[PDB]
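Don't worry about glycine lacking a Cβ; one is built from the backbone with ideal geometry, like all the others, and counts go over all protein chains shown. Laboratory data are not the source of any read-out in this text; all were calculated from the coordinates shown.
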Amino acid sequence: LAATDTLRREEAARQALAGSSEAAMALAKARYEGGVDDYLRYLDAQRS
Amino acid sequence: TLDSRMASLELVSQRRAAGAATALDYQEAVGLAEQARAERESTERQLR
Amino acid sequence: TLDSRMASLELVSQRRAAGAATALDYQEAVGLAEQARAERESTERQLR
Amino acid sequence: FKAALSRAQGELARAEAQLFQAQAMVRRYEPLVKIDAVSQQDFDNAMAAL
Amino acid sequence: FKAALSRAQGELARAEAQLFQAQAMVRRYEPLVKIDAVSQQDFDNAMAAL
C-alpha cells in the first residue's frame, strides 16, 4: 500500500518534470527556427 | 529542502512576471522543484 | 538520444574543421557521445 | 573636400551597417517575446539599440 | 607633414588589420551558418562587423 501511494505521487512529479522539459523543448525549437539560438542549444534541449 | 525549492520557484515566477527572466529560467526552476518533490516522495516511501 | 549525441558530435567536428571550435570542445563532444553509447548498451542488456 | 566627403560617406556606411544589424536583431526578437522565448528586458534593450 | 602622413598610414594599417580579421571571421562563418553550426544572429553580427 505504501509503495502504491508513494510511487503514484512520484509518477505525478516525474510527469510534471517531463511536461516542463517538453515545454522547454518547444521554446528552444521556436528560438532556433528564428535564427537566434544555435543548433547546439536545440540538440541539448532534445537530450534533456 | 523542498521549502527552499518552492521559495526559489516563487521568486523566479515573480521575476518573469516582471519581464526580467526568460521562460527558460521559469521552466528550469519548475524542473528543479519537481525533481526535489520526487526525492521527498522517495524519502517518504523509505520512512514508511 | 544517441542520435542526438551523434548529431551534436558531427556539428562540433564540422565547427573545428572550420577553426571556430577548439579541440577541447571536440573531445568533450566525443566523450558525451561515448557516454551515451554506454547507456544504449546497458539498456540493451536490460531489455534482453 | 573630396577626401572629407569620402570620410563622411564611410562613417555613414558604418552607421548604416550597425543599423542593419539592429534591425535584424529586432525583427528576430519581436516574435520571440510574444511567446516568452526572450525576456522583455532583452527585447527592450534591442529596441533601444535600434 | 611627414609625421602626420606616418600617423595616418599607421591608422590605415590598423584599419586594414581589423578588416582582415573581419574577413577571416566571415569566411569561416559562411559555410557554418549553412549547416546551422552557428546562430543566424552571430552570422549577421559578423557581417555587420565586416
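Some notes on this structure:
- Odd one out for E:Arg28 among (1) outside any helix (DSSP H, G or I); (2) in contact with a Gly (Cβ under 8 Å, 6 or more places away or on another chain): (1)
- Given (1) within 30 Å of C:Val12 (Cα to Cα); (2) among the charged types (D, E, K, R); (3) assigned to a helix (DSSP H, G or I), number of the condition E:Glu11 does not satisfy: (1)
- The C-beta contact set for the stretch B:1-30 (first residue assigned to a helix (DSSP H, G or I), second residue among the aromatic types (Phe, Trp, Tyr) and surrounded by 16 or more Cβ atoms within 10 Å (Cβ to Cβ), distance under 9 angstrom, 6+ apart or interchain) comprises B:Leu9/B:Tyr26; B:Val12/B:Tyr26; B:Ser13/B:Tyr26; B:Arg15/B:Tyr26; B:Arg16/B:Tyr26.
- Restricting the stretch D:2-50 to residues that are touching a helix residue (DSSP H, G or I) at 6+ places or on another chain (Cβ under 6 Å) and away from chain B (no Cβ under 14 Å), the residue that is nearest to E:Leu12 (Cα to Cα) is D:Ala17.
- B:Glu34 away from chain D (no Cβ under 14 Å) and without any contact (Cβ under 8 Å) to a residue 24 or more places away in the chain: yes
- Against the numbered list (1) among the hydroxyl-bearing types (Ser, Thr, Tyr); (2) within 12 Å of the chain's Cα centre (by Cα); (3) within 21 Å of D:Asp42 (Cβ to Cβ), B:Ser4 comes up short only at (3).
- In the stretch E:10-38, the residues that are farther than 17 Å from A:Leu40 by Cβ and either among the polar types (S, T, N, Q) or exposed (fewer than 12 other Cβ atoms within 10 Å of the Cβ) (or both): E:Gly10, E:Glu11, E:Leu12, E:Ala13, E:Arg14, E:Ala15, E:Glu16, E:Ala17, E:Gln18, E:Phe20, E:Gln21, E:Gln23
- The stretch A:1-46, residues that are within 30 Å of E:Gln40 (Cα to Cα), touching a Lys or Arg at 6+ places or on another chain (Cβ under 7 Å) and of a type outside the set (A, V, I, L, M, F, W, C): A:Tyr32, A:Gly34, A:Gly35, A:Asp37, A:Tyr42
- Matching residues in the stretch A:1-43 - criterion: being within 14 Å of chain E (Cβ to nearest Cβ) and either in contact (Cβ under 8 Å) with a residue 12 or more places away in the chain or not in a loop (DSSP other than H, G, I, E, B) (or both): A:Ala28, A:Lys29, A:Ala30, A:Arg31, A:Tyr32, A:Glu33, A:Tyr39, A:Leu40, A:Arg41, A:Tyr42, A:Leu43
- Hey, B:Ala38 out of contact with any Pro (no Cβ under 9 Å at 6 or more places or on another chain) and not in a helix (DSSP H, G or I) or not: no
- Condition check for C:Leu47: more than 21 Å from E:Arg28 (Cβ to Cβ) and touching a helix residue (DSSP H, G or I) at 6+ places or on another chain (Cβ under 7 Å): no
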